[PDB]
Amino acid sequence: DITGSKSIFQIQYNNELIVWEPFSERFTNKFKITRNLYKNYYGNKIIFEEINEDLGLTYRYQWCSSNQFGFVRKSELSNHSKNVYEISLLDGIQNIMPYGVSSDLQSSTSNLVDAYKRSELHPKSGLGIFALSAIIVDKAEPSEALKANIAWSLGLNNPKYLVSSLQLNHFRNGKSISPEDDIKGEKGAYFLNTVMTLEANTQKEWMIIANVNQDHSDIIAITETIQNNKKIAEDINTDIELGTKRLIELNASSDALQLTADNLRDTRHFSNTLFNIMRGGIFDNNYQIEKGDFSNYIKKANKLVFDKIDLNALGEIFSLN
Amino acid sequence: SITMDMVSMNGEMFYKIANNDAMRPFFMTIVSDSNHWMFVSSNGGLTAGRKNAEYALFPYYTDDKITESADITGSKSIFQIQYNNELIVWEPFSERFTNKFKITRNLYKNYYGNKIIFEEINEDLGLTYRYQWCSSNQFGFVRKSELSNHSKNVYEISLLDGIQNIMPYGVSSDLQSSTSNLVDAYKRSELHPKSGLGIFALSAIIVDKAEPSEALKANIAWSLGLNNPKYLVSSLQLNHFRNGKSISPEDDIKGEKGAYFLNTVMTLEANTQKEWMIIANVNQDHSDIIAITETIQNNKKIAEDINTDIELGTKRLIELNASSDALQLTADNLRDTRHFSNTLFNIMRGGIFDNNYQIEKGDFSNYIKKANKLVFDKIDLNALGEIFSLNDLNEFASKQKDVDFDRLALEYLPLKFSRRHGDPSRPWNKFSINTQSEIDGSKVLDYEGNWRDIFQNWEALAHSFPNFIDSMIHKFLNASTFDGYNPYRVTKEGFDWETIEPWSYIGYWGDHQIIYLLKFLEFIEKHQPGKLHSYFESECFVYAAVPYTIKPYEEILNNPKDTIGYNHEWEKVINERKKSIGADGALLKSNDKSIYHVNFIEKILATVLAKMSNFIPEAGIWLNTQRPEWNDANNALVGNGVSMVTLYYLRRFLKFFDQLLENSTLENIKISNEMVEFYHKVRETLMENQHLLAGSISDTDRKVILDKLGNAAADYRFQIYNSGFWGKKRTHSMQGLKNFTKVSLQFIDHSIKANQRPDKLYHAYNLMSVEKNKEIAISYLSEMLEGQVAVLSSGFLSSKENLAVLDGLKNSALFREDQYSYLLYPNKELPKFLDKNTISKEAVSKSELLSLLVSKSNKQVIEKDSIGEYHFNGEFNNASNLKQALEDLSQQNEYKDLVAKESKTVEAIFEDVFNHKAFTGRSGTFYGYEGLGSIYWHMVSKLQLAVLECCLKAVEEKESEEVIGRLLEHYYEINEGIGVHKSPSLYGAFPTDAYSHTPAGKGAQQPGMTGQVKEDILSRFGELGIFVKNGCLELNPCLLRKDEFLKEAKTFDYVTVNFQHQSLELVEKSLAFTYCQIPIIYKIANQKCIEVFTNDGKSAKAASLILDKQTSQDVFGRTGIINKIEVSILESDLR
Ligand SMILES: [Cl-]
Ligand SMILES: [Cl-]
Ligand SMILES: [Cl-]
């Protein structure tokens, strides 16, 4: 309810404002709903889905990974009713950690950490910066926090932004929010607020991207991309699919791929193999070895041997043979 | 919408916050007379237990997580209500059914702070549900439930009500915090069918050892008041019921969080109410559980016995608090309630005396045994009874002719009820309420506390028990070191010092000595004039052996952050003496004796000379002892920081001492031979530099003076660390000491005059640096509240100057508008993330190294972003990270030379970007606690007391009524800021409860045991005109407002010194309070008069409001001779 994905919709139906908060337990048995959960055959994507059967509205969000961009939350709001709906939506992620809090400190002393939080919005780009005012340390010495966690968005028109969960309940109670760009002392969050007309038999999509361990240069690169790169959505989707492709290549090298009459068995063999190579490893490239890695390994193993053996006769890459 | 009213609930008065759910949830401590603790949010989320976190009923987490846990932990109630042919589900206090019903939520807390009620009105159904938490020494926690039908309908209701996420016995708070999932696998919750009692245990105590580990205790919950209940011992079916279905009884659930739920079906008629209770307790063995099961089955009056024990709890709470003058009755119950809670939080932290001035032989005898085995063997306590007074002990001691017994007898403090101030909002502090023996639950007479916290609490406590002041003074002095400092903690047994575990080091706090000692010395001289004089030549004081070596002066000057080593060899000798003697083994010996004894004059010189040895003219007292002063958040000022704050209080200390010496008729003093050189070198340094005070002091002369003072201290301590005290003393002139005090005051006064700002505020903390190794330069820091508090406390400024300071303060950046009170230092905008760390293009291009690193796309030190701006590497926290990176670069051939050439240049660019030379600590770099925009209430209340003392000075010296009036206006406004009359939404909690701080973005944070309360106790006594001077009590308000006086008749229920609960009838135009637990009634009258009523049935009247010394001693001595005092006050003297 307080951490991760959160979505609230204010829907004009008749001359009534109706509030729907999918995946929450905030409105028990208010609506007939169906919840479905999806996971892909490779295990690297998951979709949460709620159908509001009273409104003929479905909300889905999907988690994907991107080596380049971090985590990508892809959202779809689908109107399969015969009605046109005026919807004001608040959607995003909450209890975003700032960079540089140890897991130990967050576990034992979360309240103290809050006093060091500062969440900001970069106005031009809509990117959210989740940082500390200082790295928390016992020493009586300066301790600058020069990295951040981030979240940003594509696909919604002229959004208002929150960088905290302070106004979430106000929205839940059918009221409108004020934009935030600088909140101190509170759990980080990243929410988009937009108003849209969702026609019958139509679907609206958007995505939120979040990443960790970002320095000033990393953040400027994203802000520039948001402003100048017309194909940024495509580049994100390309990097997601590259991820799947690389996952398949790793696993397939350990005989993960089978096709029988029974996809459950085929899928289980895939995941078995993945969990095996995740724990024990997979070979880099068949029986191929790199001179540089091998040379470093010998250096650490036995300095006498490393001094004595001349590896010049071997190429930059060579086989086990 | 959010109002606060007084409301009777079942015949008991509570404060009610209406619509409490419109406030951001706030955190509370529910107090007990016993060993209960309970930390609860206004939303219902809680942790609770007995003694400490290792006997938690509900899991012990930080206050954010407690607040966030309300849906799954603690109280839970679901009602299935048949109306029409519809089953309607209502879950009060939950967020499960948002806006399903029109509801009102109200929160109640009683005047004593030991009961809380949560209430939800379902306005659509005309149904109200309330539950109340109470404590019982015998039974544990009691949750009293009421379901009230105020509709015109009859309802068929099936209810599920109880408590969930009940801890099993024997889970450590550490394990529950870090590994709660593993704990679940060991849980087994059971129901005892015959009784309905729930048993919450582990299958085994969780341990790393490969050994059996039986879990032979449990937590329990049981119930009264419901007919034929079904029971759940888990939350597994909660959601089934939430969805309108019926439940199956449970009596054995493994692997799941414990819960205890009752299910019954009832017909609730119109205009009727149903009641029940749940009782829960911790740390129960098989015998304990059988006793409850038997009681449930056979004891017809068990409900009454529970209610009796709850009320006994309240009564005992009142008796404890009343003994420290907690009970007042004025026209304003908010003020009366705040005074009650202030006093409670004071005695909770510092303790309360067991029984007036009464001492038990057994406790006392055990204390002597632990203190000094030689003394214990030698002293025959037969002549004393099983119980005896402080006076009886003094008389007994006077006959034994043993100075070590004198000291131990005097130091004895029969305190109880103290505990450390840890809680979910102060999770770095471990707490344990160790007030009942583990063997038989009898009272425990013990105490422990951090130096500053406990001596602060005791100043307020002493007012109610004045004859213990000598005890406190000796405890303080005798726990001080020869080099003028003290260990970090005091205990009944003696004292504890910090040890070294890293970047871990020990030290001494600069503020610990002067002001805290002074308040006690001021107290005794008011109550017992001449008593301090009687100790001038009495060699009954000792020196605490704390094994810290303060380094030579030249090493301190060289690096004033590296100044104190732990002496492990000294430690071994102490531990050996402790085995051989007891606690007294931690006292310095001499060449001659096991325990070295000195007089009061020597003890004062020890602490004064240590401070003066760190005196930097025009700057203050150097902070160079590896610990800060009061403000931990400015802890990086240790090293080059200098305290004007301590100098201001030293001015007050030395003026007091100057007058004390002047009133003496002793012609000589007697001090350790070793101290003579030190005392003389310091005195001489000041005498021969006094000519400089005609103007300002150069940086050259500043160093000449500090070098002489510092070298003198260093030679003294070197001699004692290496050779010890030889045991000989020398006779010197009293005139010479008066000369020393006078010249010390001349230097301090000159320094004060050099520390006024243009805005009329005073400097709090300055910086020093050593220049051309021949000069000491001073620079200045921001305006700080603490400086204003200290200079206004100094006694140095005139009334007009005090008022100019306070006018400056009101108009300064320290005034925070929304709460109309004071910050510690200005709020400031910190740089936003993308503004923190940019290197100018010019600086990069002018550096060959940085330009080369950019060229080669090396990112170890500097990186260039895609709009062409330059940044230091994002991993750097400070210069030490930069240095390390430059050394890594210097391993590479192409960088080696440039790194050697430009390292200093690059480091200077770093310092230019980050300005770390200006860092004073986390105070300027965070947004809670002592941080930016935060009001830290203890310091505001110290300001209030200082302003009061300024008001009393102006009245006394007969300033113009304009000056008196303007000073009083400051007093009343500061008091308003404290917030007792604010709305709950502005205060952010119950305004009658103290909290540590209010940050910029939230209401009050950290409930209860703040040191603020001791200041507000003292200010309240000042307001009521309770003054002691020349051994005489005066009851004569000059600052008290007319509106404090009652507008209607009221009954004052109070407790006498002999624990009798009695009543007085007050009329209009009067009020009441107690002092030394005597009730005092003020009444408005045509003529001043005091009337003393004695237990012989007589009374005695005079026009003077100053009592004589003998009558005053009868008050202070708590002998029950005086029954009450009535004081007739002029309307024209009220404000
Ligand atoms: Cl502690
Ligand atoms: Cl303490
Ligand atoms: Cl001696």
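What counts, and where the lines are drawn
- Residues numbered from 1 in each chain as written, not as in the entry; some residues may be left out.
- Chains lettered and ligands numbered in written order.
- Part of a larger assembly, values for the part shown.
- Heavy atoms only, no water.
- Residues with missing side-chain atoms left out of burial classes, pairs and counts.
- Helix = DSSP H or I, 4+ residues; strand = E, 2+ residues; numbered from the N terminus.
- Rg over C-alpha atoms; globule rule 2.2 N^0.38 Å.
- Pairing = 2+ DSSP bridges.
- Axes fitted to C-alpha atoms, helices over the stretch in contact; angles between N-to-C directions.
- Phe/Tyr/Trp six-rings, centres within 6.5 Å; stacked < 30°, edge-to-face > 60°.
- Buried < 20%, exposed > 50% of the residue type's maximum accessible area, 1.4 Å probe, protein only.
- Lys NZ or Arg CZ within 6 Å of the ring centre and 35° of its normal.
- Salt bridge = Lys/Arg side-chain N within 4 Å of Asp/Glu carboxyl O.
- Contact = heavy atoms within 4.5 Å.
- Buried area = accessible area lost by both parts, 1.4 Å probe.
- Nonpolar A, V, L, I, M, F, W, Y, C, P; charged D, E, K, R; others polar.
- Expected span 1.5 Å × (residues − 1).
- Polar contact = N/O pair within 3.5 Å; in protein donor to acceptor, adjacent residues only side chain to side chain.
- Core = buried A, V, L, I, M, F, W, Y, C linked by side-chain atoms within 4.5 Å.
- Patch = residues over 30% accessible without salt bridge, like charges linked within 9 Å, V, L, I, M, F, W, Y side chains within 5 Å.
- Areas by Shrake-Rupley, 256 points an atom, 1.4 Å probe, with all protein chains shown as cover.
- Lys, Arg positive; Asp, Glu negative; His and termini not counted.
- Charge placed at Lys NZ, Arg CZ, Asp CG, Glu CD.

In the annotation of the PDB entry, chain B is listed under the name Bacterial beta-1,3-oligosaccharide phosphorylase and assigned to metagenome. As deposited in the PDB, this entry carries the title "Bacterial beta-1,3-oligosaccharide phosphorylase from GH149".

If you look chain A up in the PDB entry, it shows as Bacterial beta-1,3-oligosaccharide phosphorylase from metagenome.

## Things to note about the overall build of chain B
Summing up its helical and strand segments, chain B has 32 helices and 52 strands in all. Relative to the 2.2 N^0.38 estimate, which gives 32 Å for 1135 residues, the radius of gyration of chain B is 33 Å and therefore close to what a compact globule would have. Along the three orthogonal principal directions, the C-alpha set of chain B runs to about 100 × 95 × 65 Å.

## Some words on the sheet that holds strand β6 (residues 56–58) of chain B
Residue and element names in this part refer to chain B. A sheet is described by the order of its strands in space; here 4 strands give the open sequence β3-β4-β5-β6, paired in antiparallel fashion. In the strand order of this sheet, the two ends are held by β3 (27–29) and β6, each with one partner. Taken pair by pair, the neighbouring strands of this sheet meet at an average axis angle of 15°, ignoring direction. In this sheet, strand β4 (residues 36–41) lies alongside β3 in antiparallel orientation, the contact comprising 3 bridges. Counterpart to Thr-29 in the pairing with β4 is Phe-39.

## Considering the packing of aromatic side chains
Scanning all chains against the criterion turns up 85 aromatic pairs over all chains. Here the aromatic rings of A:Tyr42 and A:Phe270 are separated by 5.4 Å at their centres, their planes lie at 65°, and the arrangement is edge-to-face. Of this pair, A:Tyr42 sits in the loop between β3 (33–39) and β4 (46–52) while A:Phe270 sits in helix α6 (residues 263–280), and the two are 228 residues apart along the sequence. Exposure remark for A:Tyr42: the relative accessible area of 33% places this residue in the partly exposed category. We classify A:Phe270 as buried; its relative accessible area is 4%. Centroid distance B:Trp37 to B:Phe431: 5.4 Å. Interplanar angle 80°. Geometry classified as edge-to-face. Residue B:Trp37 is found in strand β4, and its partner B:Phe431 is found in the loop between β24 (415–416) and β25 (448–450); the two are separated by 394 residues along the sequence. By relative accessible area, B:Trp37 is classed as buried at 2%. Three or more aromatic residues joined by ring pairs form one cluster here, namely A:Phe9, A:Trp20, A:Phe23, A:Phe48, A:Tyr59, A:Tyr61, A:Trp63, A:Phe71 and A:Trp206. Against the face of B:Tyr927 rests A:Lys184, its NZ or CZ located 5.8 Å from the ring centre.

## Describing the sheet that holds strand β8 (residues 86–90) of chain B
Residue and element names in this part refer to chain B. Pairing is antiparallel in the open sheet, where 5 strands are placed in the order β8-β7-β13-β19-β17. The open sheet has two edge strands with one neighbour each: β8 and β17 (230–232). Sheet twist, expressed as the mean angle between neighbouring strand axes with direction ignored, is 20°. Pairing between strand β13 (residues 155–166) and strand β19 (residues 258–268): 11 bridges, direction antiparallel. Residue pairing for β19: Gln-164 is matched across the bridge by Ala-259.

## Section: the pattern of salt bridges
All names here are of chain B. Evaluation of the coordinates by the stated rule reveals 81 salt bridges over all chains. Across the pair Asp-354 and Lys-443 runs a salt bridge whose closest N-O atoms are separated by 2.9 Å. Taken together, the residues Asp-354 in the loop between β21 (352–353) and β22 (358–360) and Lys-443 in the loop between β24 and β25 connect sequence positions 89 residues apart. Of the residues examined, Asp-354 reaches a relative accessible area of 10% and is grouped as buried. The salt bridge involving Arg-966 is made with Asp-807; its shortest N-O contact spans 2.7 Å. With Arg-966 in helix α29 (residues 961–978) and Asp-807 in helix α23 (residues 799–810), this residue pair connects regions lying 159 residues apart in the sequence. On the accessibility criterion, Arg-966 (35% relative accessible area) is partly exposed.

## Some points on the interface of chain A and chain B
Each partner contributes to the interface: chain A provides 51 residues, whereas chain B provides 52 residues. Overall, the association of chain A and chain B removes approximately 4,400 Å² of surface from exposure, summing both partners, and the carbon and sulfur fraction of that is 51%. Of all residues in chain A, A:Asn111, A:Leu146 and A:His216 give up the largest surface area on contact with chain B, accounting jointly for 16% of the area buried on that side. Inspection of the chain A/chain B interface yields 4 salt bridges. A salt bridge links A:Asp182 to B:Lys832; the shortest N-O distance between them is 4.0 Å. Contributions of two or more residues to the side of chain A that touches chain B are made by α1 (103–108), α2 (110–114), β8 (117–122), β9 (127–132), β12 (182–184) and α4 (216–228) of chain A. For the side of chain A that touches chain B, the element with the highest residue contribution is α4(A), accounting for 6 residues. Of the residues assigned to the side of chain A that touches chain B, the class counts are 20 nonpolar, 16 polar and 15 charged.

## Remarks on helix α16 (residues 568–581) of chain B
Residue and element names in this part refer to chain B. In a regular helix each residue adds 1.5 Å, so 14 residues correspond to 20 Å; α16 covers 20 Å between its end C-alpha atoms and thus fits that length. The N-cap of α16, judged by a side-chain oxygen 3.0 Å from the amide nitrogen of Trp-570 a few residues on, is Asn-567. Following α16 by one or two positions, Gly-582 has its phi on the positive side, about 110°.

## Re the nonpolar core
All names here are of chain B. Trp-458, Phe-600, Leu-605, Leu-737, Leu-785 and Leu-943 are the most contacted members of the largest nonpolar core, which totals 195 residues. The biggest single contributor to this core is helix α18 (residues 644–663), with 12 residues. When residues no more than four places from it in sequence are discounted, the contact partners of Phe-600 are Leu-477, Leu-521, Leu-532, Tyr-535, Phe-536, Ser-538, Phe-541, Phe-657 and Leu-660. Counting 73 residues, the second-largest nonpolar core is a separate cluster that includes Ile-30, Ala-48, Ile-81 and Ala-218.

## Describing a negative patch on the surface
A contiguous patch of negative charge on the surface is contributed by B:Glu554, B:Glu555, B:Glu677 and B:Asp715. Checked against the element boundaries, B:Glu554 lands in helix α15 (residues 553–558).

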